[PDB]
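K.L.:
Sharing an experimental structure here, sequence included.
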Amino acid sequence: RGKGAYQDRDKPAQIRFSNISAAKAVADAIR
Amino acid sequence: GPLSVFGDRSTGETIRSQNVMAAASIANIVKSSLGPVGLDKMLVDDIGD
Amino acid sequence: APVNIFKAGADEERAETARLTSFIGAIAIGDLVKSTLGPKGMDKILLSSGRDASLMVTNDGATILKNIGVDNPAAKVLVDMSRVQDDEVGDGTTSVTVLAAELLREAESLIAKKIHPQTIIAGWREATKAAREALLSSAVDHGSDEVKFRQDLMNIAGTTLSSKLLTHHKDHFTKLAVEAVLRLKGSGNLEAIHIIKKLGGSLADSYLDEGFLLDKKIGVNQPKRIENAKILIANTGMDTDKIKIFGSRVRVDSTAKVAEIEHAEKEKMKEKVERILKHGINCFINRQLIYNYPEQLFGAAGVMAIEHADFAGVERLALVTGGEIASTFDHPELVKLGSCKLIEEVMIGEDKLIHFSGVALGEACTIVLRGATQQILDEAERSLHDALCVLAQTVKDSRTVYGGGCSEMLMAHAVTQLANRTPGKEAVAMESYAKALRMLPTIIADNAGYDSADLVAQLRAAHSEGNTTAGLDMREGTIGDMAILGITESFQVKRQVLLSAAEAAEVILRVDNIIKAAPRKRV
Amino acid sequence: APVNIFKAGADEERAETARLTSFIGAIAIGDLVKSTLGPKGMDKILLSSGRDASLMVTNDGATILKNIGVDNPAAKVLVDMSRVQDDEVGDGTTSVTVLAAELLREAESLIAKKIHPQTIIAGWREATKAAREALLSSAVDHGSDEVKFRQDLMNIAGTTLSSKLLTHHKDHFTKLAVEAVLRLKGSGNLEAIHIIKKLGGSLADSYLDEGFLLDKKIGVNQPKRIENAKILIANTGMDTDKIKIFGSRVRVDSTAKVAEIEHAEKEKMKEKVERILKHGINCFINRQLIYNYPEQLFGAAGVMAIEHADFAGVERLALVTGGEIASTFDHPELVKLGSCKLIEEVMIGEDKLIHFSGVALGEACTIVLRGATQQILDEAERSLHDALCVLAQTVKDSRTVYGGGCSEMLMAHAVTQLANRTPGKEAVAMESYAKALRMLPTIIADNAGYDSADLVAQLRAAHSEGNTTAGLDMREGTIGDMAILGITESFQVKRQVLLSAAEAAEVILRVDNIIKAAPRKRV
Amino acid sequence: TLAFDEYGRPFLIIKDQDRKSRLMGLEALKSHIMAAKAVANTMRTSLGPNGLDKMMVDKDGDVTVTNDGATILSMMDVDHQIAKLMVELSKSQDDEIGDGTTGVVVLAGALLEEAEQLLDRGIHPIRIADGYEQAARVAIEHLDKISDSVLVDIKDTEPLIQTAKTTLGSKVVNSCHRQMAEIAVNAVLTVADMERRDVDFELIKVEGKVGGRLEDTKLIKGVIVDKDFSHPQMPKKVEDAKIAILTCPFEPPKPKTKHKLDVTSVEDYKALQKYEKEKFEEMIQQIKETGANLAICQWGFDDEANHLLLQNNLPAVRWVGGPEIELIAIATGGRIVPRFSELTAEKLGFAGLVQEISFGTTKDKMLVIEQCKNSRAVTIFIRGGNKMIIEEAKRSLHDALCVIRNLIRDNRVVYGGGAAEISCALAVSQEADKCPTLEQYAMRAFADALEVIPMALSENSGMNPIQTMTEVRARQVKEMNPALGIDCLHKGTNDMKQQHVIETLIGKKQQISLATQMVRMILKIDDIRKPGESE
Ligand SMILES: Nc1ncnc2c1ncn2[C@@H]1O[C@H](COP(=O)(O)OP(=O)(O)O)[C@@H](O)[C@H]1O
Ligand SMILES: Nc1ncnc2c1ncn2[C@@H]1O[C@H](COP(=O)(O)OP(=O)(O)O)[C@@H](O)[C@H]1O
Ligand SMILES: Nc1ncnc2c1ncn2[C@@H]1O[C@H](COP(=O)(O)OP(=O)(O)O)[C@@H](O)[C@H]1O
Ligand SMILES: [Mg+2]
Ligand SMILES: [Mg+2]
Ligand SMILES: [Mg+2]
């Protein structure tokens, strides 16, 4: 069996990548 | 994605070529006023001086 | 795609506002036509902003959705769903819109329960398969014993017209709808029943004509009534023929030869009419226009001439008189003529119409709708069209189910019995399918003003132990037997309500991204 | 009122869009802070459009709603509800927002059931009365046997800090919060615990100071540390007195008399300092500013002088040293002095602060918060403020209930037991009250990613037959006993979650007309 | 400085250089990855049998719910030249194979995401592109290991049905998962030339009409056209039809040039009447002398010729399209005759039940051809509940007609469900150590990007990506690697050979080949010369 299924249909999975991509631009600016 | 600054960012050899042309813009002015064969200039203001 | 957007004027959303705009736009469509469902539901009046607004009141759910022009992308699926329901069975366009909206309303309740949307699709496919067996095993067939089939046809027209403007006219309009399809005696072409709308008089003054009515009255100097006539129709050109030779001129040398050609042209037009009267007829119907030169020839011979009836007017006359079109007149022994008794002209609403009284082999009817306003006549035409289309398919498929909420509780019982024999992953989606099927008798019960919380609870307790014919009694406001009261619907109508709403809710629930393009000329 | 509108720029709605905008605007507030509830919920970052935006991350629901600025009229009732919850008990502002929104979400489900809204109000008043008896009968008191009360206080701070940014700091920040209120030994003034936020270091480097910290370092030519000193504070003016006679000048005839007056002014300012040092002190704290002329007098006598600490800084020094304010110096036998051991200066984050080490009767604390950024220090200050306010009321009301979803299932069980002993008019409203109480363990279970459809179903089956201490175990993801795990909350915090959400949902449900006036400077 | 020289002169190189945009930098490669990852993250949720569909709205307001990757990227208004190459990548997969249009965009976005971390380590972008060619070559040779089919197009249609169920399993036709899969198998084998291994899709007519249900979709061996009987009393059912296909309108013969025929006397005008009266009797008798009882005409009919059809018992349709009558002459075995004088008994077509069927209350009356005799042209009649489920089924079944065409071109198959991507990822990792000289990091980025496609199936099925992929990949190393993938309901075991998840070899062979070459054209670019505003 699959032992459950957790459907996560919400916003902040995409905003979490926005904080990652913004902090990568700061680290590459003063690289 | 990129930097979210509200100004302007230029990297690479763009500013490395702009600073030389900024220094050559000043040197090409004062190159005509060096030595005994140098000649004076005129500095006219907006008010007429 | 919202972050670092690479679109010009187009916007999109993924799994956050995609299902949010799909559930808002689809429920608001179903909540719009929610008040028009049932025998006690009100009607809507549709209006525009101006520039020949042409107000058209309709209670049928297909005509409401086809004129509103919804800007929501997911709401256009339910608009197109009710369009196919009007074109296939002609009824249940309002019932398929509320049922498809109640499925997505129960699917919106599964948002916070963190159910996967593919599990709801797999749970509803097993729920729809259990609901097909509930209607198929409860369908009542009718073969022989035709005195029970004609009584069964009046229960179909009495159920359809009860949810329309013809409320207190079931003693008359049921006989106008049953006998119209009963006079077809064949295929349901749905065009031999020509409905004529005339102002003046009440809806009780409307009647079904025993013959056929027409316009474009009989000539100038021709007889108005001929007893025991032979009707011959035509689809040929009478005058100014220019017969089929493109690039042919009359190149003569003098003007005296032009007078000989134009006399030879009128002799061939006279010889064509002389070939028509060799059949021994008294009436003539041409689909094209009849000019003055053949009109004098029919008037001198005592023959009628009906010019430019309709393109589909000669088809109804060929089915009500028993003749043929006969566009070529060169064999009188191979042309079958029509039959009639009286071709007198009647006056309905200060307009003289040609009444074909006493026709033989009359497989065509004429409903003379008379109403108080034009808004009533436009509503009664669509109300009769929603009743004749079901009876044209009830004679093709004699299977009938018990309506009035009885069919929905039979479908909801078969899903709930199989929801307990399933694991808990798909059993929650099957219980939401059965709750949406019980909403369809809840909308009917609450539109009258009854206690909808208790009547559907009495229907669920009745169908749980026997009572396969128990339904909702909208007359007194209680629970009664549907076989005694005579509230039945067709099997193919109730199947298309269940099947098309389950397929349309499958499409909208599977949408996780709505990428709309940039529109043109919208700034 | 919409038809023939007698308003200028104001609009209104009655019973159609009034409850529609009230249910949309209140659910969107509750669904916003839904993701911040529980020990596994995420946090929000609040930002403005510009002009000193001052980003402030908060997980507490009161600080989120007090800064968003909602334009909805009915949403401001739930915004003001969370402000009172922070001002009274300081915790449960997120729990009272979702519970008041889940009541109105179930009230939106009673729209289509045609239930009268006054029946839902009268049904919830009987439901809230039964829910008060569930928390009152399950409250655990603590009188004597104080070794179990201090263990009970760490379970209160362990539950409050679990839903904040201090996740993996319960081995340190629980001792910083329990011992801070334990050193008060009296009333919960909530101002003797001065929290100092300094950048540099991790959150594990933060500590509770055994003495007291201050700013405005000791003079210019004064000693920096005095062992075994007597602290005397003051609230008087030192120099440029202009003593209380408005309209008094020095009207002399020559400039030699002005030199005698200004020498008499400095003699009275010197005589004021000579009355201070007769007490035999070594430190001096003035609430007002100390100028250069009394600063030389304290430096010549070897006495410290702390100038202009704070208005509330002399109150904390009076509670940590055991003295008095002593604004008038004319009775040395009636002025009580403070006591200390070390007044050395310590350096925390490249800033020299005055450390009052070894003080007597120290009913005041100083929490030195050290964090990576200023966003963590602003969040850990509000996280500690939400933890110290509950322990300040737990020592006043020792009644505690079992949290972690255990208290909500006890409240929902008492409503469901009385929902079956009522007629069917108000029983449907009581069943919606019990379903909204079960949503509060459902939001906590679904925020971690667990199966919320099964864990709350196991909590309902556990509380139905015994198991008064059974709750949700967020550590492993199962059902455990709350008395063994030690997840308890205060009784007054859980009572204000139940009572304020039932009163706020009573106001919004009773609104049938929203008449908003014309705003100013909005065009 | 820009737009000015050091001597004070204006420095203008190109026209309108102030409103230009030029990026060389180090973010020009970074802007290509972030624009391509957002397209791959959009298409990631529509992969596999649990892939959710997307709602596309056109510029005119028309809404089409699509799931195939070819129509999704084509109906966008994306004005980005990097993402425009992803549209042509999904279009190139549809034109060649037509099954992995969704998977070829997620794979191309996976190769660029793994190349982003390789770019920060100092590797040249062409050195990553040269490393992907040496890594994709291992994936092609490893994919040809286990491949066999026993299709004979006589009775062993069981590998053909299970191949089409893998393509139709991800669409919305899972209610007709067994019925509609057998339609696309028999539609190809009746029209394909097995001697040349060539399939022509012009012989397979895909028509659709609203009404009925999805279970009413039947494979009509013949043609389905809009019947336009000019006479309303025409018989609507022909038992044995001798079809006379002609391309001449029922009229007197009009030439193609300018004539201006002259009439002088009344004997010439009476000769005009007898010329047309004998012409309509000649065009009707020349059909009846051949023994025909059905006529097809491309152009219109005259009113005089309509009644002559009813007197001679000769039903005929009117105004048929161009390629529609081309399908009648192949399905009936007849010949298209230009004139009426060239009619004979050998140029007639043979058909069985020729009838028109009215659908509900509409007035379409399409043609249904039940019986035939060795036809090489079939017609699929797709029915449904709305136009959203029909236009998608026209796109879903077209992908099922393409995977049977690919089996005739190449009779080698693989096993999908992520089983071929995990097995190909192990082949690159084994050859990354033989030898790890320069392109060791470029081959491991290829193997980590090949695992994105099976881990996207684990994400859409509600499982965990890194938990399920570690279990399947470890079982292929401890023993000999079987057809081991995943599924949605998982069907018990994870063996793709037992679950009958069969995909074509050349389908996945072009997925790795096209995504590698499209990555090479978006890695080997270091400048963007886009303009500014529109005007
Ligand atoms: N006499 C009656 N007793 C009980 N129910 C009735 C009666 N007449 C009509 N109804 C119900 O009213 C509903 C009307 O649906 P309708 O709006 O006609 O659907 P559609 O728009 O698809 O034709 C039917 O579903 C039927 O069950
Ligand atoms: N260790 C734990 N086990 C179970 N539940 C917990 C635990 N810690 C906190 N919780 C729950 O998390 C919730 C946090 O609520 P909170 O947001 O602090 O409310 P408020 O904003 O009113 O202070 C509490 O209702 C509590 O029941
Ligand atoms: N029964 C199944 N079990 C596991 N995986 C499956 C099953 N059916 C389909 N799949 C997977 O779903 C994917 C669907 O890809 P698809 O979007 O059709 O590609 P394309 O867009 O090129 O047509 C296939 O790669 C296949 O591996
Ligand atoms: Mg009806
Ligand atoms: Mg708390
Ligand atoms: Mg596919």
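P.N.:
Received, thanks. Numbers count the residues shown, from 1 in each chain, chains lettered A, B, ... in the order given. Ligands and ions are numbered 1, 2, ... in the order given.

K.L.:
Tell me which residue of chain B lies closest to ligand 2.
P.N.:
Taking Cβ to the nearest ligand atom, ligand 2 has its nearest neighbour within chain B at residue B:4, 31.1 Å off. C-beta here means a position set from N, CA and C on the backbone, and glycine is covered the same way.

K.L.:
meant to ask about chain C
P.N.:
Here the residue of chain C nearest ligand 2 is residue C:112; by Cβ to the nearest ligand atom that distance is 17.7 Å.

K.L.:
how many other residues sit next to that residue?
P.N.:
16 (other Cβ atoms under 10 Å in any protein chain shown).

K.L.:
With the one 10 residues further on instead?
P.N.:
By other Cβ under 10 Å, 17 other residues sit near residue C:122.

K.L.:
Pull the contacting residues for it.
P.N.:
Contact analysis of residue C:122 by Cβ atoms under 8 Å, 6 or more residues apart in numbering or on different chains lists C:426, C:429, E:489.

K.L.:
Check residue E:357 too.
P.N.:
Per Cβ under 8 Å, 6+ apart, neighbours of residue E:357: E:365, E:366, E:368.

K.L.:
What's opposite it in the beta bridge?
P.N.:
residue E:366 (DSSP bridges).

K.L.:
so how far is ligand 5 from it?
P.N.:
69 Å (Cβ to the ion, to the nearest Å).

K.L.:
residues in contact with residue 22?
P.N.:
You didn't say which chain, so I picked chain A. By Cβ under 8 Å, 6+ apart, the contact set of residue A:22 is B:1, B:4.

K.L.:
To clarify, I was referring to chain B.
P.N.:
residue E:1.

K.L.:
Which of the helices or strands spans it?
P.N.:
Under the criterion of DSSP states H and E, residue B:22 resides in helix B:13-30.

K.L.:
Residue numbers of the stretch 1-150 of chain C in contact with ligand 3?
P.N.:
On the criterion Cβ under 6 Å from any ligand atom, ligand 3 has no neighbours in the stretch 1-150 of chain C.

K.L.:
show me where the stretch 1-150 of chain C has helices.
P.N.:
Taking DSSP state H, counting those that start in this stretch to define them, one finds helices in the stretch 1-150 of chain C at C:18-32, C:61-68, C:75-88, C:95-109, C:117-137, C:146-160.

K.L.:
One more: the stretch 101-250 of chain E?
P.N.:
Going by DSSP H, counting those that start in this stretch, the stretch 101-250 of chain E shows helices at E:103-120, E:125-143, E:158-168, E:179-189.

K.L.:
These: which one's closest to ligand 2?
P.N.:
With Cβ to the nearest ligand atom as the yardstick, what comes closest out of the helices of the stretch 101-250 of chain E is helix E:103-120 (36.8 Å).

K.L.:
Can you list the helices and strands that the closest one packs against?
P.N.:
Here helix E:103-120 touches helix E:28-43, helix E:69-74, helix E:81-96, helix E:125-143, helix E:440-450, helix E:452-460, helix E:505-523, going by 3 or more Cβ pairs under 8 Å, 6 or more residues apart in numbering or on different chains; DSSP states H and E.

K.L.:
Is the shortest one in proximity to ligand 3?
P.N.:
Yes. Where contact is defined by Cβ under 6 Å from any ligand atom, part of helix E:69-74 touches ligand 3, namely residue E:69.

K.L.:
now that helix, how far from the centre of its chain.
P.N.:
11 Å (Cα atoms, centre = their mean, to the nearest Å).

K.L.:
With stretch C:327-347 instead?
P.N.:
With Cα atoms, centre = their mean, you get 31 Å for stretch C:327-347.

K.L.:
Over to stretch C:167-180?
P.N.:
Put simply, stretch C:167-180 sits 16 Å off its chain's centre (Cα atoms, centre = their mean).

K.L.:
If you count neighbours, what's buried in it?
P.N.:
For stretch C:167-180, the neighbour count (16 or more other Cβ atoms under 10 Å in any protein chain shown) marks C:169, C:172, C:173, C:174, C:176, C:177, C:178, C:180 as buried.

K.L.:
circling back: among the helices of the stretch 1-150 of chain C, which comes closest to residue C:454?
P.N.:
helix C:95-109 (19.5 Å; Cβ to Cβ).

K.L.:
Put the alpha carbons of the closest one into CSV.
P.N.:
Output of helix C:95-109 as CSV, limited to C-alpha atoms (Å, rounded to 0.1, in the frame of the first residue of the first chain):
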residue,chain,number,x,y,z
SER,C,95,-30.7,20.0,-13.6
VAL,C,96,-27.3,19.2,-15.1
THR,C,97,-26.0,22.7,-14.2
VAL,C,98,-26.9,22.5,-10.5
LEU,C,99,-25.6,18.9,-10.3
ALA,C,100,-22.3,19.8,-11.9
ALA,C,101,-22.0,22.8,-9.5
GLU,C,102,-22.8,20.8,-6.4
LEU,C,103,-20.1,18.3,-7.3
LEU,C,104,-17.5,21.1,-7.4
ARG,C,105,-18.9,22.6,-4.2
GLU,C,106,-18.3,19.2,-2.4
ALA,C,107,-14.9,19.2,-4.1
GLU,C,108,-14.2,22.6,-2.5
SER,C,109,-14.9,21.0,0.8
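
K.L.:
Report whether it contacts ligand 1.
P.N.:
Yes. For helix C:95-109, a contact with ligand 1 is found by Cβ under 6 Å from any ligand atom, at C:95, C:96.

K.L.:
Would you mark the buried spots in stretch E:118-133?
P.N.:
Here stretch E:118-133 shows E:118, E:119, E:123, E:125, E:127, E:128, E:129, E:131, E:132 as buried, counting by 16+ other Cβ under 10 Å.

K.L.:
would JSON lines of the residues you listed with distance to residue B:9 be doable?
P.N.:
Output for the buried residues of stretch E:118-133, formatted as JSON lines (distance: Cβ to Cβ, whole Å):
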{"residue": "E:118", "distance to residue B:9": "25"}
{"residue": "E:119", "distance to residue B:9": "19"}
{"residue": "E:123", "distance to residue B:9": "25"}
{"residue": "E:125", "distance to residue B:9": "22"}
{"residue": "E:127", "distance to residue B:9": "28"}
{"residue": "E:128", "distance to residue B:9": "26"}
{"residue": "E:129", "distance to residue B:9": "28"}
{"residue": "E:131", "distance to residue B:9": "31"}
{"residue": "E:132", "distance to residue B:9": "31"}
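
K.L.:
Residue C:2 contacts residue C:12, correct?
P.N.:
Yes. Judged on Cβ atoms under 8 Å, residue C:2 makes contact with residue C:12 at a distance of 7.4 Å.

K.L.:
Compare these two (neighbour count), which wins?
P.N.:
Counted by other Cβ under 10 Å, residue C:2 and residue C:12 do not tie: residue C:12 has more neighbours, with 21 against 15.

K.L.:
Now the stretch 401-535 of chain E against ligand 6: closest residue?
P.N.:
Evaluated by Cβ to the ion, the stretch 401-535 of chain E has residue E:403 as its residue closest to ligand 6, separated by 8.4 Å.

K.L.:
Contacts only, for that residue.
P.N.:
Counted by Cβ under 8 Å, 6+ apart, residue E:403 has contacts E:98, E:99, E:163, E:164, E:166, E:167, E:503, E:504, E:507.

K.L.:
ok, now how distant is the first one from residue E:391?
P.N.:
So that's residue E:98. 17 Å (Cβ to Cβ, to the nearest Å).

K.L.:
need the helices for the stretch 251-400 of chain E, in chain order.
P.N.:
So, for the stretch 251-400 of chain E - with DSSP H, counting those that start in this stretch - the helices run E:266-288, E:303-311, E:322-331, E:387-409.

K.L.:
Okay, angle between the second one and helix E:266-288 too, please.
P.N.:
Read that as helix E:303-311. Orientation check (axes from the mean of the first three to the mean of the last three Cα atoms, to 10 degrees): helix E:303-311 against helix E:266-288 gives 40 degrees.

K.L.:
helices or strands next to helix E:303-311 in the packing?
P.N.:
By 3+ Cβ pairs under 8 Å, 6+ apart, helix E:303-311 packs against helix E:266-288.

K.L.:
again, 10 Å this time
P.N.:
Judged by 3 or more Cβ pairs under 10 Å, 6 or more residues apart in numbering or on different chains; DSSP states H and E, helix E:303-311 is in contact with helix E:266-288, strand E:316-317.
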